[PDB]
Amino acid sequence: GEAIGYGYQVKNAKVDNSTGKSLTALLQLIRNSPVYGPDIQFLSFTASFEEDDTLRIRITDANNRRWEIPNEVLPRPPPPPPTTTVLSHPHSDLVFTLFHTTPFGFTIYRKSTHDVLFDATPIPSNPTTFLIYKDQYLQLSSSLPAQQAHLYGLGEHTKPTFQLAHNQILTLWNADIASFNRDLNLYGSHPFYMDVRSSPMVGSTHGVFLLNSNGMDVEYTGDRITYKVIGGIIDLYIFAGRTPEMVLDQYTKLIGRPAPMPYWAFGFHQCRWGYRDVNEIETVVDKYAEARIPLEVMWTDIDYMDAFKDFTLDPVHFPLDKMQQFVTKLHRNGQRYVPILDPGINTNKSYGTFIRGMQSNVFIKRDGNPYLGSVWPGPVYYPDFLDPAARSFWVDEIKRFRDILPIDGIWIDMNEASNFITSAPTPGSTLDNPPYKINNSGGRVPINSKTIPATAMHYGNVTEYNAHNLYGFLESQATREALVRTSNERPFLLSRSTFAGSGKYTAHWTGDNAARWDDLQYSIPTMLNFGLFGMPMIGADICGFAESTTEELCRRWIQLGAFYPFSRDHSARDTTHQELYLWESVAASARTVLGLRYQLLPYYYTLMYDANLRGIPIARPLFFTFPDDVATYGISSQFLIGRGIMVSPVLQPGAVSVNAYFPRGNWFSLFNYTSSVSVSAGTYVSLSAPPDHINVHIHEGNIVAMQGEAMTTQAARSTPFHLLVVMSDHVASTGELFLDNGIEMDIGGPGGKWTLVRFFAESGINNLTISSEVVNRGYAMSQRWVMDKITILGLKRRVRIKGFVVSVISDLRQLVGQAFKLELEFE
Ligand SMILES: C[C@H]1O[C@H](O[C@H]2[C@H](O)[C@@H](O)[C@@H](O[C@H]3[C@H](O)[C@@H](O)[C@@H](O[C@H]4[C@H](O)[C@@H](O)[C@@H](O[C@H]5[C@H](O)[C@@H](O)[C@@H](O[C@H]6[C@H](O)[C@@H](O)[C@@H](O[C@H]7[C@H](O)[C@@H](O)[C@@H](O)O[C@@H]7CO)O[C@@H]6CO)O[C@@H]5CO)O[C@@H]4CO)O[C@@H]3CO)O[C@@H]2CO)[C@H](O)[C@@H](O)[C@@H]1N[C@H]1C=C(CO)[C@@H](O)[C@H](O)[C@H]1O
Ligand SMILES: *[C@@H]1O[C@H](CO)[C@@H](O[C@@H]2O[C@H](CO)[C@@H](O)[C@H](O)[C@H]2NC(C)=O)[C@H](O[C@@H]2O[C@@H](C)[C@@H](O)[C@@H](O)[C@@H]2O)[C@H]1NC(C)=O
Ligand SMILES: *[C@@H]1O[C@H](CO)[C@@H](O[C@@H]2O[C@H](CO)[C@@H](O)[C@H](O)[C@H]2NC(C)=O)[C@H](O)[C@H]1NC(C)=O
Ligand SMILES: *[C@@H]1O[C@H](CO)[C@@H](O)[C@H](O)[C@H]1NC(C)=O
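- Header annotation of the entry names X-ray crystallography as the structure determination method and lists the resolution as 1.450 Å.

### Concerning the overall build of the chain
Right, so step 1: Helix and strand counts for the chain come out as 14 helices and 51 strands.
Right, so step 2: Across the 827 residues in the chain, those meeting the buried criterion constitute 63%.
Right, so step 3: For the chain, the exposed area adds up to about 29000 Å²; of that, 50% sits on carbon and sulfur atoms.
Right, so step 4: Looking at charge distribution, the chain has the averaged site of its 69 positive side-chain charges lying 3 Å from that of its 80 negative ones.

### A word on the domain arrangement of the chain
Right, so step 1: Partitioning the chain into structural domains gives domain 1 (1–257), domain 2 (258–599), domain 3 (600–700) and domain 4 (701–827).
Right, so step 2: Domain 2 and domain 3 are separated by 30 Å when their C-alpha centres are compared.
Right, so step 3: Facing 34 residues of domain 2, the contacting portion of domain 3 comprises 38 residues.
Right, so step 4: Each partner contributes to the roughly 3100 Å² buried at the junction of domain 2 and domain 3, and carbon and sulfur atoms together form 70% of this total.
Right, so step 5: Of all residues in domain 2, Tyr263, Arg556 and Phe563 bury the most surface against domain 3, accounting for 20% of the area lost on that side.
Right, so step 6: The tally of links between domain 2 and domain 3 comes to 0 salt bridges.
Right, so step 7: Mapped onto the side of domain 2 that touches domain 3, the elements with two or more residues apiece are helix 8 (517–532), helix 9 (551–561) and helix 10 (584–599).
Right, so step 8: Here the residues of the side of domain 2 that touches domain 3 are counted per class, giving 23 nonpolar, 6 polar and 5 charged.

### Digging into the packing of helix 4 (residues 352–359) against helix 5 (residues 388–404)
Right, so step 1: Here helix 4 crosses helix 5 at 155°, and the two axes come no closer than 11 Å. Taken together, helix 4 and helix 5 sit at an angle that is classed as roughly antiparallel. Read as a crossing pair, helix 4 and helix 5 show a hand that is right-handed. Across the interface between the two elements, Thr353, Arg356 and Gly357 of helix 4 pack against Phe393, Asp396, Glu397 and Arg400 of helix 5.
Right, so step 2: Considered class by class, the residues forming the contact of helix 4 with helix 5 number 1 nonpolar, 2 polar and 4 charged.

### Considerations on the pattern of salt bridges
Right, so step 1: Per the stated rule, a full pass over the model turns up 36 salt bridges.
Right, so step 2: Ionic pairing is found between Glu219 and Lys228, a salt bridge with its closest N-O pair at 2.7 Å.
Right, so step 3: A residue is classified by how much of its surface remains accessible, and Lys228, at 15% relative accessible area, is buried.
Right, so step 4: Among the ionic contacts, a cluster of salt bridges with common partners joins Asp176, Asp413, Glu416, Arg496 and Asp512.

### Some words on the state of the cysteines
Right, so step 1: On inspection of all chains with the given rule, the structure shows 1 disulfide.
Right, so step 2: Residue pairing for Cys543: its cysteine sulfur links by disulfide to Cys554, the two sulfurs lying 2.0 Å apart. Here the disulfide of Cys543 and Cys554 is right-handed, its torsion about the S-S bond being about 80°. On the criterion of sequence distance, the pair formed by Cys543 in the loop between strand 32 (541–542) and helix 9 and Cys554 in helix 9 is long-range, its members being 11 residues apart.
Right, so step 3: Given the relative accessible area of 0%, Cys554 is considered buried.
Right, so step 4: In this model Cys271 remains outside any disulfide bridge; the closest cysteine sulfur is found in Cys543, 14 Å from its own.

Quick notes on the rules
- Residues numbered from 1 in each chain as written, not as in the entry; some residues may be left out.
- Chains lettered and ligands numbered in written order.
- Heavy atoms only, no water.
- Helix = DSSP H or I, 4+ residues; strand = E, 2+ residues; numbered from the N terminus.
- Buried < 20%, exposed > 50% of the residue type's maximum accessible area, 1.4 Å probe, protein only.
- Areas by Shrake-Rupley, 256 points an atom, 1.4 Å probe, with all protein chains shown as cover.
- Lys, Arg positive; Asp, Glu negative; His and termini not counted.
- Charge placed at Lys NZ, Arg CZ, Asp CG, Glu CD.
- Domains from an automatic or database assignment.
- Contact = heavy atoms within 4.5 Å.
- Buried area = accessible area lost by both parts, 1.4 Å probe.
- Salt bridge = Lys/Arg side-chain N within 4 Å of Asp/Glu carboxyl O.
- Nonpolar A, V, L, I, M, F, W, Y, C, P; charged D, E, K, R; others polar.
- Axes fitted to C-alpha atoms, helices over the stretch in contact; angles between N-to-C directions.
- Parallel < 35°, antiparallel > 145°, perpendicular 65-115°, else oblique.
- Left-handed = near helix turned anticlockwise from the far one by under 90°.
- Disulfide = S-S within 2.5 Å.

Here it is, written out as structure tokens:
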């Protein structure tokens with residue numbers, strides 16, 4: 001019947017003089033409790049400004065090192081070398097206070113508005129509000145203003161809303177659990193949240209990140225949020241914002257900037273678990289072409305392997321000679337090839353990969369011997385991606401395979417790690433039997449369920465208990481290295497399991513979703529979440545992975561999915577086929593929406609550049625552009641592509657309209673520029689949405705450079721640019737275009753083989769000026785890119801060279817690389 005804990009008192013505390021102030025304190029345990037294991041008696045507590053806009057609060061055992069995510073994995077600045085102690089800096093909005101109460105507390109508030117962002121003041125009678133710090137139970141709690149704080153993140157979980165619902169528990173423990181399941185912990189763990197405040201100073205946003213790889217539950221009740229973490233330390237970062245985009249800049253500066261993607265990765269991808277042989281995949285490619293549906297990349301799932309073994313080919317169904325011919329043909333036709341790899345290596349003694357893995361001792365061990373799992377080929381050992389020797393092995397196996405069969409990228413799956421068996425716990429081990437049970441799979445299921453046991457060991461005598469959540473991330477680092485060492489092109493990989501920082505290495509997809517209307521909608525919050533997580537190259541399996549799709553659902557899904565940053569149709573083997581050519585209405589919608597997507601390729605690519613620079617997501621919440629509009633905070637079924645393009649999908653069967661929120665102003669359909677929406681105060685509009693149409697609109701104030709439709713992205717890149725200029729009465733219009741060869745390793749780097757163009761448009765009382773400014777004109781000029789047309793929306797008078805109307809300036813024949821200034825007059 002003992003209390004869960006008694007908390008800590010401040011024994012000493014002081015702010016450093018003679019440098020950028022930081023605060024150091026020693027805390028002492030008030031009293032022990034047997035509940036949840038041994039209390040740490042003395043804690044070192046530091047608060048320090050890493051940058052003016054980032055505060056770090058680090059709480060460690062004063063007398064012993066504890067597990068921390070290694071710097072080599074996630075490189076970051078090192079730690080600093082009644083009564084209250086205050087830490088403030090003249091150039092920082094964040095003010096930190098240490099309260100010497102019993103038990104102690106701390107807060108962080110804004111110097112400017114006095115809004116308290118994180119409030120770890122305990123309620124003295126209530127231990128659920130204390131800092132508790134036991135070897136396998138860390139508890140950290142903050143109160144929140146229930147109506148004003150709007151929280152987002154804490155992945156990975158499927159939810160019907162993007163804004164986090166009040167009164168829930170979010171569990172972070174990477175697990176092979178299908179994303180068609182609401183609420184449960186899924187493949188990745190992202191202990192970050194964004195907190196957008198509706199007042200004071202509407203739209204004032206901050207971020208909170210707990211840099212910890214251990215299993216945890218995070219309980220959010222609206223007026224409080226509480227972390228319950230089963231190991232490691234508290235290493236808490238607060239990002240000042242104050243805009244949502246600034247918070248992601250600050251967060252990704254810490255965890256890593258989003259990796260760039262090659263231009264081709266924005267083309268359409270096709271995959272299926274169950275393609276039977278090389279003839280079938282060839283036929284799929286042929287049928288896409290016959291249907292005039294763009295197809296950029298053909299994928300092969302585990303079917304291609306010899307009995308589900310990595311780095312092999314089925315000699316009957318996917319023989320090497322035919323596969324070489326297939327890939328050669330793809331390449332001749334401007335297409336690309338991506339195969340799957342699983343992490344588990346089959347233990348067959350006559351399998352070369354196993355022999356080599358054994359020779360280099362690359363596998364995760366338990367009880368002194370390689371840990372034996374079960375996955376698709378049966379028995380497997382798992383490479384230890386924390387071990388440099390295993391990463392070298394992985395690089396070498398990929399090289400060996402690529403030397404025999406060319407590939408363009410890699411899909412890494414099952415990397416939680418997934419295990420089809422659960423091993424018995426080591427008797428007496430509190431790692432395999434932890435004192436606090438996190439809510440794994442929604443049933444307090446033991447952490448070792450269907451994975452590698454916590455007592456397994458990694459390089460450096462690191463336990464699986466501590467390193468589990470890093471496995472997919474580490475495999476992603478190793479796989480990207482393997483690709484970079486075997487091709488000088490910008491690489492492409494897709495990973496299932498992720499951790500904070502994975503976006504610096506890989507794309508992600510939402511995993512095993514289902515062919516259900518619910519999942520169609522769930523793809524939107526998950527897409528938005530992964531942007532916040534610094535993983536902008538995100539999408540869901542179009543038409544649904546599990547269960548058989550329907551014509552209507554698949555039609556609505558390609559309509560939406562054609563706007564995902566990562567756009568792939570994929571399916572399980574036991575379902576009907578769902579290639580887009582199979583139903584005419586799906587094929588016809590696909591041609592329409594992939595046509596617009598392909599016209600938008602230069603825009604997606606520019607946004608990818610922006611994401612790598614500043615962390616800003618490609619697919620972003622409405623509140624990134626309209627943070628002062630509280631109505632946008634709870635939107636979960638619409639999203640932006642870049643600043644000013646909004647996608648408003650139909651998400652229900654039988655619907656021929658959708659009630660869609662429009663922020664203030666004028667919005668123009670990208671499918672028919674004569675069709676527009678104009679609102680004053682933002683409100684809902686019941687948009688027409690017939691079976692063959694999805695609503696996609698561009699807001700006043702924006703300029704977007706398009707290219708033409710084509711069946712491949714390479715062909716698209718050789719077409720003329722058409723500039724879409726949407727005027728606003730209240731502000732000049734702007735836009736941006738980034739150009740390189742589509743595949744440079746270091747995007748926008750000092751080598752200079754790239755151009756950045758900025759566009760401007762402004763109305764005068766009797767004229768209109770449209771112009772560009774160009775950085776590095778040379779590259780763009782040498783690539784012959786032509787701007788041949790400008791379309792001007794948003795005015796009620798026509799314009800020409802010396803309700804709403806549409807003006808078109810044609811046959812310009814100008815070089816994109818040559819800065820221009822065009823003066824137009826009204827008619
Ligand atoms: C292709 C694909 O294949 C594989 O995935 C498949 C999978 O194999 C299929 O079986 C299927 O799985 C579905 C399943 O059908 C669904 O039902 C669902 O399951 C979830 C439940 O619906 C949900 O309720 C919950 O279940 C909870 C219970 O709620 C809860 O009651 C409790 O139940 C048990 C506990 O299990 C017991 O341990 C114990 O509980 C104890 C506890 O142990 C103690 O510690 C203590 O606390 O006391 C308690 C209480 O006594 O008893 C309880 C009572 O009975 O826990 C349950 C959880 O254990 O969660 C379920 C999910 O876990 O969803 C699943 C899927 O998650 O479909 C999937 C997907 O198709 C592979 O795994 C997958 O990776 C594969 N996909 C990849 C492969 C390829 C091929 O290369 C690619 O093409 C793909 O792209 C890849 O992604
Ligand atoms: C390890 O790989 C071996 C080579 O692929 C497997 O043996 C081969 O199994 C083929 C298909 O199952 C069979 O047609 C081949 O004749 C045979 N080749 C040789 C050289 O033995 C082996 O499979 C197991 O052992 C053989 C002898 C049979 O009893 C199979 O049914 C077994 O599955 C693989 N070992 C394991 C444990 O899978
Ligand atoms: C683009 O949208 C406009 C506006 O809805 C369409 O023009 C209307 O067409 C209907 C007949 O379908 C006429 O009754 C209206 O008078 C038209 N309105 C205007 C303002 O001209 C136009 O047809 C659409 N374009 C395409 C290619 O579908
Ligand atoms: C015409 O545009 C210029 C800038 O391009 C602006 O400064 C000027 O005021 C405008 N003149 C009229 C008459 O609209």
